[PDB]
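As a starting point, one isolated chain is supplied in structure tokens, in the form deposited in one PDB entry.
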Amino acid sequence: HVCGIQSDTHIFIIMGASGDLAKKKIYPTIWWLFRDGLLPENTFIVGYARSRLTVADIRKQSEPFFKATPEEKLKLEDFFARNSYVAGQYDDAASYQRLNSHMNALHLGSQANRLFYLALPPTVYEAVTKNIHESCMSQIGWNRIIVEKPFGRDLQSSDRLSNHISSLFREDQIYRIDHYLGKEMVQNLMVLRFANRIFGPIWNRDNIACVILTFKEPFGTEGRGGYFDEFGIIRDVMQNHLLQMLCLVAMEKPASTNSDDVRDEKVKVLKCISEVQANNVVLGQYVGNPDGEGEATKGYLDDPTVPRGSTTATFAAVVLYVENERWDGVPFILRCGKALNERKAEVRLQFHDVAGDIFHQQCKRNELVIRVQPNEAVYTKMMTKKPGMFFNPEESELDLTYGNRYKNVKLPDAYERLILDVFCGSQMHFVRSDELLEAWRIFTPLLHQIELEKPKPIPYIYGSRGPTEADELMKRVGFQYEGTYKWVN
């Protein structure tokens, strides 16, 4: 009795338990879940990797240890008592054969529910999926598979990578990851919109001038530039995160909070988006900053791991349109990039000027902002009479900052909420087959054209806000930026 809406044994298999993702995220998260007592009484964690690692308490406690607490020492040891290891190659039935045995070896292993987390590279996916289905499936109880990277590099190829999994496991077993869907503020979007009347009748083309979905990271490609170069900022962030936020911000009210009823409304939106036009795109690549220090001086190409003549973009601003009765004509600006002046992700709606102005154009457009991170907050920039002996109005805002209002409660990491969702069996925060299909449908034409004609991205100094061209794009499409807005704490 936990899932907010008897007990049995569960086995959390961590495929690629030796990988960076496993030791730095997956493992920590699973322990936190156990720590707060969210994991069912009978749970066992079984790591699996290519290497024959030292003891299930020796190595896997040596490598991971992120956020340990002195007084937690007891429960900590208690946790490892649930942990175990198995080594093997990700392709020879022999290795997978002893894994299965090992699980049945566990108290009630044949009865337990099996949850497989694929914390490893997309290449191996095809094979891993294959093996798991044959030799490791539980005869009783459920089996679920979590895919860390639902993306490939091409439509028709990822179509096969996808299809293959779909021919072995049915959709209600496939849990595709997009961690942003598990962040406090992102989930909140649905509540803010559908449980409030002050936001209902305004959410439409008659009131909204444009929507801006932003994603910024202050650091560049910390040495591993070689890897990133294969995907490009679009495939890395825009295609998945921003798009999801877009869906949540534009979908129609669902029949209920049921996983599928919600996802249905999401995809319905995607089906109304026409393919991206090259005319609404701005690409940029970062160059090192001479006045900086450390990584700040080294530009993208200064990374030895990246091919000397690369044109891969680290920054991209794209404009999309939703063609339906509600958003017809409203621009959705997706802007993202690495090596910028800060770190943040927010949704911002700028509304239309008030009709029949009686204040001699002193007014500025209202805006609703939902800051996902950092310092999760939501506020509405509006007008108010300039306080004091003044007649004219000025900008101000109605604010809600979780940091002060809810100073006690600690916000869980995306992964905790997500994994728990998996235990509960709530696919609502996970990507569905058709959602994937539509995401490719929209971007492939552009992506293809980019690789073909290989456009040279606009250079932008490390630490700036990016190419001026991006701002000029936003303005042209409808966004009005007012540098006249003061803020204090």
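Position 1 is the first residue in the sequence shown; the rest follow in order. Only residues modelled in both forms are compared. Take the two forms, superpose them, and find the largest set of C-alpha atoms that agree within 1.5 Å; that set is the rigid core.
Below, we turn to the form deposited in another entry, even though it does not appear here.
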Please find the residue from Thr43, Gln427, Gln61, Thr29 showing a Cα shift of 2 angstroms or more between the shown form and the other one, rigid core superposed.
-> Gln61
Explain in one word, closer or farther, how the Cα atoms of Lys60 and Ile14 are placed in the other entry relative to this form, where the distance changes by 3 Å or more.
-> farther
Comparison of CA distance in the other entry with shown form for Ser62, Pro122, at least 3 Å | closer
Counting only common residues, the segments between the shown form and the other one where three or more consecutive C-alphas all move by 2 Å or more on the rigid core are 54-66
